[PDB]
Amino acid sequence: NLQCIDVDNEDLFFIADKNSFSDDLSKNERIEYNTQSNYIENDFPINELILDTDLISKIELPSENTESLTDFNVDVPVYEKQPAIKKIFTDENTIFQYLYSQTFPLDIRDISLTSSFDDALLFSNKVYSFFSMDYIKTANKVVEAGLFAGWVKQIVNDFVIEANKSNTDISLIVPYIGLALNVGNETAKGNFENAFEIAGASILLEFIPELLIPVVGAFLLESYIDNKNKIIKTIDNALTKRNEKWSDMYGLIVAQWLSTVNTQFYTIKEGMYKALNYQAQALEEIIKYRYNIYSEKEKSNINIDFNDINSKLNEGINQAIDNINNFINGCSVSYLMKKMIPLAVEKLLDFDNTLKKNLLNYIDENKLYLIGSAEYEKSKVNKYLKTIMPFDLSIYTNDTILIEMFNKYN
């Protein structure tokens, strides 16, 4: 028999392909005396749009009546269905298999939590839990009718304490995310805090993608015989265009970060949400089973406040999710600032050197028409390319909590 776990396509990782991102930065650029920079801000103030007269219709709409249509030439799209099931084969035990181990069929009544993942996959009456074994055994203990209320109050109280485990080196860390999901590389195996202290956010990623960082193409400056002004302007225009390329490169990294790394961390955040629920669902069915063991006499004696339990469990997860969001967001920005931006800066500094050589050589070829001011422009070029455009994430995301994470970095 086949052992198949079912997962919705939507609950997989979205990772943008390498072919999604333009290579245009690699193209050459002509630099002329009247060349100017092009920035397209992906933003427009909504308050101006309402008041802007240049967008109100100033000519009356013509009558709709016209001659009949006789040329019915048109392309009509054809829609056919494709199967809603796709079969795949893997020996891996990633998020999906680790989340499935936290579920149970409807038929099963008597279930017990376990720390062994393999035993949770095999037996349909064992459910995997990622909290401390101290919690797990307390959730498996049968008590007396009078001691039952002392058990429920405590076990739901224990659920809250287990979910808010956070120690430690920047920001806060949740040590049970690895056990909960086994995402990326052998995350459940070994210590999580140790493995993180070595590699950081990289080990949580299911797929490390190859970054597209094009070599910025050469600038081709045009010469102007005996025109000092046009020569100086061209050098200026080349220097301002240099800033355009830095900005463009930064955009390219961000676009790859959001559609490639930040999406993975979104899934991991959603993965943890499901895990925490499955744990509360497993605890609920356990209490249900123990309750039914009793007789009508024993049950009537002790009135359990179920209204408080659902309130405690929902809040318990809510506190935990806030801690998990905090940690995962910090991870997503960590990977941007440490594993992505510095690699682009490196290539942009290479672009600077290639441009410096270009410009000085250009000044060299025009030293005659520049009279005795060639050394003056030399140091101007030298001074200017010493200052770089710093990266600012606020250009790419408005009114966000991710900017707070970014402003923490040096």
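Throughout, we count residues from 1 along the sequence that is shown.
For the step residue 168 to residue 169, what size class fits the number of deposited residues with no coordinates, none, 1 to 3, 4 to 9, or 10 or more?
Unresolved stretch here: 4 to 9 residues.
Quick one: higher average CA temperature factor, 152-160 or 93-101?
Taking the mean C-alpha B-factor of 93-101 and of 152-160, the larger value falls to 152-160.
Between 338-346 and 43-51 (mean CA B-factor, as deposited), the higher:
Between 43-51 and 338-346, it is 43-51 that shows the higher mean C-alpha B-factor.
Say you rank 209, 217, 190, 251 by Cα B-factor from the PDB entry; which sits at the top?
That would be 190.
Tell me which of 238, 328, 317, 204 tops the list for C-alpha B factor in the record.
In this record, 317 carries the highest C-alpha B-factor of the candidates.
Grab the CA temperature factor for residue 75 from the record and place it in the lowest, middle or highest third of its chain.
CA B-factor rank for residue 75: middle third.
Entry-reported Cα temperature factor of residue 143, expressed as the chain third it lands in
Its C-alpha B-factor belongs to the highest third of this chain's values.
By its CA B factor, does residue 291 count among the lowest, middle or highest third of the modelled residues in the chain?
It belongs to the highest third of the chain when residues are ordered by C-alpha B-factor.
Determine, from the deposited record, the chain-internal third of the Cα B-factor for residue 395: lowest, middle or highest.
Middle third by C-alpha B-factor.
Mind checking which third residue 257 falls in for C-alpha B-factor across the chain?
Tercile = lowest for this residue's CA B-factor.
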